[PDB]
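Undergrad: Could you have a look at this structure, given as structure tokens, before my questions?
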Number of protein chains: 2
Amino acid sequence: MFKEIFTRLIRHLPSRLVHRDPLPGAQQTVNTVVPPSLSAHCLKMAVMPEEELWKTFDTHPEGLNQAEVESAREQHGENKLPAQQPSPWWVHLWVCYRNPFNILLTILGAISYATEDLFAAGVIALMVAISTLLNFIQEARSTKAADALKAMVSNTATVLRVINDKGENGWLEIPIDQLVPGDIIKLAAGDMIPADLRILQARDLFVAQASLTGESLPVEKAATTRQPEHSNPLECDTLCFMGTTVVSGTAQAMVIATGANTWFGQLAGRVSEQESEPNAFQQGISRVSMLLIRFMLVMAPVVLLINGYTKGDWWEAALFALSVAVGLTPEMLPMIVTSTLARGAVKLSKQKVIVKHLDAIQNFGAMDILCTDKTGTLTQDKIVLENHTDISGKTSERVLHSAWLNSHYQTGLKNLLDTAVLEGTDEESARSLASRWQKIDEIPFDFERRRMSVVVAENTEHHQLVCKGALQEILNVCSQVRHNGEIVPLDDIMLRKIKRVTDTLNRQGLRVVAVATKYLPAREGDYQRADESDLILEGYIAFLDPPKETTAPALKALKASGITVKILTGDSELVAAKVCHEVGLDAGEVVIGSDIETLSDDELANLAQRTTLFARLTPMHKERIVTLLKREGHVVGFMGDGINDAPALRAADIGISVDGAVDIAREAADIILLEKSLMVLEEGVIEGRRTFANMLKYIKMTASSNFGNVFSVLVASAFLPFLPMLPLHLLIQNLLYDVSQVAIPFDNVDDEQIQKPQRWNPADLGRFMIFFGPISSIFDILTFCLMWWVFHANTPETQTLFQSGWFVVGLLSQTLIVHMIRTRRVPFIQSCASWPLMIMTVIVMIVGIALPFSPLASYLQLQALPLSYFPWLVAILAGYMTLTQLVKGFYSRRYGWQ
Amino acid sequence: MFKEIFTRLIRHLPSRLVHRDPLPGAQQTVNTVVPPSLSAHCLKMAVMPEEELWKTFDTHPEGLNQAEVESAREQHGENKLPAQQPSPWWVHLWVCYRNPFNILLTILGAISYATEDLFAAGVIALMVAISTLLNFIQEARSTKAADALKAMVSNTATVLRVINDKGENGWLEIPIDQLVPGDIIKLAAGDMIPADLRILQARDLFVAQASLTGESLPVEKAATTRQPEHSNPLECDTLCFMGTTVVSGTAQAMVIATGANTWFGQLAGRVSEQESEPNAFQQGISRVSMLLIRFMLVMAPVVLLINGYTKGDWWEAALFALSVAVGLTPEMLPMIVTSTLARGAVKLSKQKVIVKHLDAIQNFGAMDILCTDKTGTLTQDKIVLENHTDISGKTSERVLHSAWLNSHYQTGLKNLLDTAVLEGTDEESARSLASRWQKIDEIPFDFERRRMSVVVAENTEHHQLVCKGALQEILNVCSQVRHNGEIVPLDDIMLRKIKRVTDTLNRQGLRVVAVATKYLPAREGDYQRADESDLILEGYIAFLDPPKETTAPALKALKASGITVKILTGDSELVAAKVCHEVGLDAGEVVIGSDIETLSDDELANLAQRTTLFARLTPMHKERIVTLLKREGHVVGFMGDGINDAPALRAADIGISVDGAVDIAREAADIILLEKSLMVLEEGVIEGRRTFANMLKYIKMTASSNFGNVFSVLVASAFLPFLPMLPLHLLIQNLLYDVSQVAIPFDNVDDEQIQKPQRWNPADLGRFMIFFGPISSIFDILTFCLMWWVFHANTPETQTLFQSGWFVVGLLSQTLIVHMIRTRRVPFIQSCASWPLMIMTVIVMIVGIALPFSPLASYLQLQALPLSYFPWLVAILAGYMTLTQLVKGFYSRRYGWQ
Ligand SMILES: Nc1ncnc2c1ncn2[C@@H]1O[C@H](COP(=O)(O)OP(=O)(O)OP(O)(O)=S)[C@@H](O)[C@H]1O
Ligand SMILES: Nc1ncnc2c1ncn2[C@@H]1O[C@H](COP(=O)(O)OP(=O)(O)OP(O)(O)=S)[C@@H](O)[C@H]1O
Ligand SMILES: [Mg+2]
Ligand SMILES: [Mg+2]
Ligand SMILES: [Mg+2]
Ligand SMILES: [Mg+2]
Ligand SMILES: [Mg+2]
Ligand SMILES: [Mg+2]
């Protein structure tokens, strides 16, 4: 067979609904080294004086009004990737109609009924047009809902603009897509860079450029270029590129690039190609579409040739065969995937879960392994008990004052320790310290040395450096200690005693943060990491973060569902073990990052397979563990809300980030939780499994019933001198069945199907179709025999009655078999469908019954049915339902439902 | 007027649905001193030898089988109060039909249509029968649901019985109602006494008889009488009465009394009278019923006299006037109160809230003040951090071992301290201590000395007494301390230093529990409270109970709703203040129980009005505060789950107890929470306010529309030579309107109405009826004019058309005005009714508009309506709706909706 390139009937969904966003910010290291044309304009803008910058981008210090921003947007464009542009509705309607199947339907109908048979081909075009509008309406509604949901959780940028429209200006929050070139914004810690910026002013701005330059260390950014030599576009100290984050400090800069014009837009190579590889969901959809196309190509030509050879009317035979094959078209596949999931997403929106792109739900339904960090999930972020002790254990006010100095002047990410220190310190001493001391510089949290430091001064002759951080990192650089109120050198015995005391504190669940203070003479030169040496240790603050009340029940529910919960923390092993024991999560053996840093990939994969608590991990360690976990059929999902957690989020099959997080974590994630709760995640997982099961059920039903009808009519034409149904009748049946199925996304789901992770095998759909098709065909042949013999529809002159008869049964069959195939169990007693499904089933059955007796039946070439047909119809329906219910067991035993 | 005794048409609901349970266990001190006949049988049973007890009650040590327990139940009766017996369904149907209004309806119809007018009086009886069956069905369904809900949370008793039916026996759990006389059960701490018991065996059984004997101190209970002199039935040491609780110890006893035969059944005086005083809900229902009866007595006789004088047919006039007055009958009042609330209760069942009796919902909707205890609600019961230090502060293993000895052997109620001590202690030392030491006696928690004590021994020569409790109570009795590993006398300076250290610990949120140990020579004599003296203090265990994560948001929501949250704790003031500060609840000034023990009632009432945190309270203090809080229009609800919290629960307007609590707290409470969560309580409060608003709306609509029709027909008969409607048509209209209103309990409620506590004023119903009645009357007179002039229904020979005309619009008015009166806002845009209400409205409108064209119309004396009447009825309906919407503003401004 093969010839996949020849087949082009598949219509793929837009790249926004499925597949991850093509702009993670980092992606991968480029090899083309960008185009040189851009990295001359970048350098020029870096060195271009600020005074003439206003005229270049037509920007004023006050800001931009509505007209100016609109003109800039129209001129330059939108701050979005090209793949993120929604199609116009008329384009969407046209592409939803120009598909080969509907065009061929209309052309063949016109050809068959061109000569002296008007109103026979006009209505057959009307029916396919109604089907096309129905599909377009469903797709448009679902896409609009999904796009609205995605934009609900989007990164915001603070821009001056004009509020009063008279020049009053202010500060707003808008999604990054609306940032036009030549716009003035301000930046703070935790806010990602929305677009390429020219730094206008900066106070201690430190940003993380590891996405682009590959260096984990933060890089300074000054208002004016302090670096000596330019000609390195990425390393210029006055420009910040999109996709980077502000580690610390404050700044105000002007937008200079937007959309593809940004460095990441085209220089990173994202715009060029970068569309060769699809994901698992797209591959499964493509497999299903190819299966349906193969089925149609195998079946429909046989019917066409048989009818044409038997009756001699090749055109009518082709039209009828195409009408039969309509039910198996892949054009339905978008709708389902677009509609069902979207509905589930809406329900997730009511459960404090926002899904960015729909396909993640599949992974979100098969997340057997869940890697999370303890604080925020396992324990409350707010700390209840904190005491500022000294080496001897006595309470020290000096340690608390130094902690306040280091936590009130720092401009980095806000920490639970910083908030607790600010709250605990009394107001009077707070004012005294604020008046006495003033900031001179800042050394941000590099995350390698794990030591945040701040330099302050109260006089122009001496500077005091105060640093906090993990106990071991502080101790590695301290030289002196204030034990007993004297500056005694820190000996090995004192270090061992401190380690014993801190281990005792940790085993109780108290984390330890040390504070060190150093005095230096007045120095104009800016301080760097090298100055953090020979520090005088002051004390260690012991604090407790209580485990959340919901943590234990949520973890129990998660492990009952089958989601193996693993912890990848970057704190002390003892604290993590105590937290896991208190929350009831078994820890087994802890594994430090130093060990895994040397093991082989296979050894680490096996260890992660047989481990639950990983402590003292670098972000590279977390990414490596997440990547190596997905080595044998395991779909691992990571949950992080840090600066460096974006690579880990992208590495995992599904990334989850809390709404109250840094902007990069939200942007790179796939699912956004409105709060950091495990119970919310568990409920969302249940709902997502329900939604995926509903979509699979929809596809299976609509494929199986149509294949059964195709088989029915396939073995019918040899012994019939007329068409068993007219193509118009088949189109009516398909439209009414689709109207009935509209409510399937709202169907209930059996608890058996959502008790385990779902592994979707597209190949199972073919076996399901083959098993559940001929059951309808047997009773369709029975209906043919009933019409031919009992009711004497033996001649073409009385053909129409024949057709009408089968029509009714067919429709009702397609409308009733649903209620006996949406289970592994016995319907209506052991399980029931949702009310909307019942309502639609009743409505469609009533319409199908009334259609032969409707006045339009003569227009639709339908003849009224005699009353003797009704008991036979009921008997056939009951027999079909009973037969399928009894035969479901064989399919359950042979292969299984899930 | 007066003559309230003469009026007896009001039907009261059964005493189980409304009003508290008449068996709190304690009630009040009796003055009749019981009947002497019972307190001779009680003494005889106390002194009657155990060997012959088996034959007296026909009980075997192995237990009782199904036949024997059934025979005993049939002979003696059921373990329930007489007021708790549900009525038989046939009795319920008969009492729901023998009401005077329906009987007079049938009698007057028969009298009017006795002579040559059959099939006219038979059908008028059929309609009232159908209405009676509808009312009975609704009442029966709602009562069954409420009774099922009440029995869900009921006290259980562990009884041997027979499981295998072959004599294997075992231990079961059955609601106390099934405990027949001569049944063998076992008792544990926290289980209330289900019925009068004869103690067969007892290990250190201590029970609280303060309900009966009024003594707070626990009383011993031995298998054989150890007291010297009998003839005091309450103080006999071998019998336990119903309504008492087991403070500590274990026992196995035999049931000797059941139902009213128990001491509390009739000797307490509960059976005799004790039904004079109703509650607020019953008084409001009675006021509404009296209002409706007075309105009927004012209106209907006038119509009867006018029609009888004008037309001369007194019997038909009386029939018609009674049919008009049907809509204002109080017979609907049970249904509503029985149905609506029940529906809400069902929803509360899905929100982990179980309502025992329906009336509490009203109080549960007006609970402006909520008194609760901190632990369990404010903070999690489980404690995260605990360290067993000594006086010098060093960690002491001896203190932990003594705590394990005192917490593993005690049989009292489990404490979080006991659980934490048991878990913290290592298994090896646990086994060593268990093997080394053994119990000799026990001194339970009297709650006055606040010191639980246990005496153990490792040799037959020395006994060690170990006691824990609050720090101050332990220190008040200690004499020596093990400071620095020596037995040094406890001086004042050491006491002051310990107090300073413990206050420092408390200010951080850590509670302090001290442990004292004493040595005694081997003494056979049983130990008492007097032996707790000259104890050697060992150490104080410091533990932390973290505040719940949901506490702060739930408290914020509660205070936003208007529920003032007050705390009545019995712990240290500093700990309560720290907890309140951490959870965000403002504390202001703490108040100790010693101060309030001396203040006057008015002073204490004012203080409680202007205070939030009460610490160091006795249960009497809590009861006094709760009682004095309800001194000015305040509905105060208490939440407790302790032994002594039952009087406080009964004192409050509404009592709330958690499902996981002692049996007495659950039994005496009014609402049972499936978990100790404030968010659940807040959601339940919102739902209960919704339910009460729905019931009030139902009553207001069904009264106002009927009064409007009554007024309409009242000023209509003078200028009409025929009845404006037939009584049969009126009955049909009322039945269809009731069918429409069936779904009102499912109506949505505006958030404005449930944003504040509800104060139900029955007198407002009359003003609402007077304001919203004549609007319907104006358009009814318009309909009369339309029929008389435009359609020329000027003679009795063409009377029926007239009637039929009005019929239609009449019904539609009563069916449509609903949608424009269930608001203070504009309908269908600013607020909408629930879908079931819309469905019922549409169905009833269709039925009413189709009845004149139905074949039964001739049977119902109804004539088909000309098509010209349809635009007129549509215009009349639109005008009536618009007029009501416009004039709603005047009613809202003059009085107000809520
Ligand atoms: N700018 C900073 N970036 C990262 N960590 C910081 C920073 N400043 C201080 N820290 C500390 O370093 C720890 C590293 O934790 P992360 O794993 O990066 O994030 P997290 O949410 O705190 O999860 P944990 O700490 O591993 S339980 C933080 O918990 C802080 O105590
Ligand atoms: N048998 C007992 N009955 C009552 N309290 C006891 C008993 N044994 C020990 N206690 C202690 O006495 C305290 C009195 O608290 P209660 O108010 O009666 O109940 P509670 O649920 O603990 O609410 P608290 O303690 O006031 S926050 C308990 O918290 C225990 O620490
Ligand atoms: Mg931001
Ligand atoms: Mg600097
Ligand atoms: Mg069919
Ligand atoms: Mg019990
Ligand atoms: Mg004893
Ligand atoms: Mg009316």
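The header says electron microscopy, 3.9 Å.
Backbone N, Cα and C atoms are what each Cβ position is placed from, and that goes for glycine too.
Dumping what Swiss-Prot says about this protein:
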| type | residues | note |
| --- | --- | --- |
| TOPO_DOM | B:1-94 | topological domain 'Cytoplasmic' |
| TRANSMEM | B:95-115 | transmembrane segment |
| TRANSMEM | B:117-137 | transmembrane segment |
| TOPO_DOM | B:138-287 | topological domain 'Cytoplasmic' |
| TRANSMEM | B:288-308 | transmembrane segment |
| TOPO_DOM | B:309-317 | topological domain 'Extracellular' |
| TRANSMEM | B:318-335 | transmembrane segment |
| BINDING | B:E331, B:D641, B:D645, B:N709, B:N734, B:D738 | Mg(2+) binding site |
| TOPO_DOM | B:336-695 | topological domain 'Cytoplasmic' |
| ACT_SITE | B:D373 | active site, 4-aspartylphosphate intermediate |
| TRANSMEM | B:696-715 | transmembrane segment |
| TOPO_DOM | B:716-724 | topological domain 'Extracellular' |
| TRANSMEM | B:725-744 | transmembrane segment |
| TOPO_DOM | B:745-766 | topological domain 'Cytoplasmic' |
| TRANSMEM | B:767-790 | transmembrane segment |
| TOPO_DOM | B:791-799 | topological domain 'Extracellular' |
| TRANSMEM | B:800-818 | transmembrane segment |
| TOPO_DOM | B:819-831 | topological domain 'Cytoplasmic' |
| TRANSMEM | B:832-851 | transmembrane segment |
| TOPO_DOM | B:852-866 | topological domain 'Extracellular' |
| TRANSMEM | B:867-886 | transmembrane segment |
| TOPO_DOM | B:887-898 | topological domain 'Cytoplasmic' |
Undergrad: Would you count the other C-beta atoms found within 10 angstroms of the C-beta of B:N734 (Mg(2+) binding site) for me?
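TA: Neighbour count, Cβ to Cβ under the 10 Å cut-off: 25.
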Undergrad: Cα-Cα, whole number of Å: B:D738 (Mg(2+) binding site) versus B:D373 (active site, 4-aspartylphosphate intermediate)?
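TA: With the alpha carbons as reference points, the distance is 46 Å.
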Undergrad: State the Cα to Cα distance, in Å, between B:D645 (Mg(2+) binding site) and B:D373 (active site, 4-aspartylphosphate intermediate), rounded to an integer.
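TA: Spelling it out, the Cα of B:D645 (Mg(2+) binding site) and the Cα of B:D373 (active site, 4-aspartylphosphate intermediate) are 11 Å apart.
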Undergrad: Among the binding-site residues listed here (B:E331, B:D641, B:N709), which has the Cα closest to the Cα of the residue listed as 'active site, 4-aspartylphosphate intermediate'?
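TA: Going through B:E331, B:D641, B:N709 one by one, the closest to the residue listed as 'active site, 4-aspartylphosphate intermediate' is B:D641.
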Undergrad: Where DSSP helix means H, G or I and strand means E or B, what are the helix, strand and coil counts for the topological domain 'Cytoplasmic' (B:1-94)?
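TA: Taking the topological domain 'Cytoplasmic' (B:1-94) as a whole: 37 helix, 2 strand, 55 coil.
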Undergrad: How many other Cβ atoms sit within 10 Å of the Cβ of B:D738 (Mg(2+) binding site)?
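TA: Its Cβ has 19 other Cβ atoms within 10 Å.
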Undergrad: Decide whether the stretches the transmembrane segment (B:725-744) and the transmembrane segment (B:288-308) have at least 3 CB pairs under 8 angstroms, with pairs required to be 6 or more apart in sequence.
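TA: Since fewer than 3 Cβ pairs under 8 Å link them, the transmembrane segment (B:725-744) and the transmembrane segment (B:288-308) do not come into contact.
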Undergrad: Applying the under-8 angstroms CB criterion, which one of B:318-335, B:767-790, B:832-851, B:867-886 scores highest with the transmembrane segment (B:288-308)?
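TA: Result: B:318-335.
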Undergrad: Mind tallying the topological domain 'Extracellular' (B:309-317) by DSSP state, helix then strand then coil?
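TA: Breakdown, helix to coil: 7 helix, 0 strand, 2 coil.
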Undergrad: Could you pull out which residues elsewhere in the chain have a CB under 8 Å from any CB of the transmembrane segment (B:767-790), counting only those six or more residues past its ends?
TA: 295, 700, 703-705, 707-713, 715-716, 720, 724, 801-802, 805-806, 809-810, 813-814, 817, 821, 869, 872-873, 876, 879-880, 883-884, 887, 891, 895
Undergrad: Please list the binding-site residues from B:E331, B:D645, B:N709, B:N734, B:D738 whose Cβ falls under 6 Å of any atom in ligand 2.
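TA: So the answer is none.
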Undergrad: May I ask for the residues of the chain that lie six or more residues beyond the topological domain 'Extracellular' (B:309-317) and have a Cβ under 8 Å from a Cβ within it?
TA: 108, 111-112, 303, 717-718, 721, 723
Undergrad: Sort out the sequence-distant neighbours of B:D641 (Mg(2+) binding site) for me: same chain, 6+ apart, CB within less than 8 Å of its CB, listed by position.
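TA: Expected: B:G376, B:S657, B:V658, B:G660, B:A661, B:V662, B:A665, B:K676.
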Undergrad: Below 8 angstroms Cβ to Cβ, which residues of this chain, lying six or more residues outside the topological domain 'Cytoplasmic' (B:745-766), approach it?
TA: 284, 287-288, 291, 295, 339-340, 343-344, 362, 365-368, 561-563, 633, 635, 686, 689-700, 703, 822-825, 831-834, 836-837, 895, 897-898
Undergrad: Please count the residues of the topological domain 'Extracellular' (B:791-799) that DSSP assigns to helix (H, G, I), strand (E, B) and coil.
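TA: Helix, strand and coil residues of the topological domain 'Extracellular' (B:791-799) number 4 helix, 0 strand, 5 coil.
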Undergrad: Could you find out if DSSP has B:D641 (Mg(2+) binding site) as helix, strand or coil?
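TA: It is coil.
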Undergrad: Using DSSP, what is the helix/strand/coil residue split across the topological domain 'Cytoplasmic' (B:138-287)?
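TA: In the topological domain 'Cytoplasmic' (B:138-287), the DSSP-based counts are 34 helix, 41 strand, 75 coil.
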Undergrad: Hey, does DSSP put the residue listed as 'active site, 4-aspartylphosphate intermediate' in a helix, a strand, or just coil?
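TA: Going by the DSSP assignment, the residue listed as 'active site, 4-aspartylphosphate intermediate' belongs to neither helix nor strand, so it counts as coil.
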Undergrad: So how many other Cβ atoms are close to B:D645 (Mg(2+) binding site), meaning within 10 Å of its Cβ?
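TA: Taking every protein chain into account, the count is 24.
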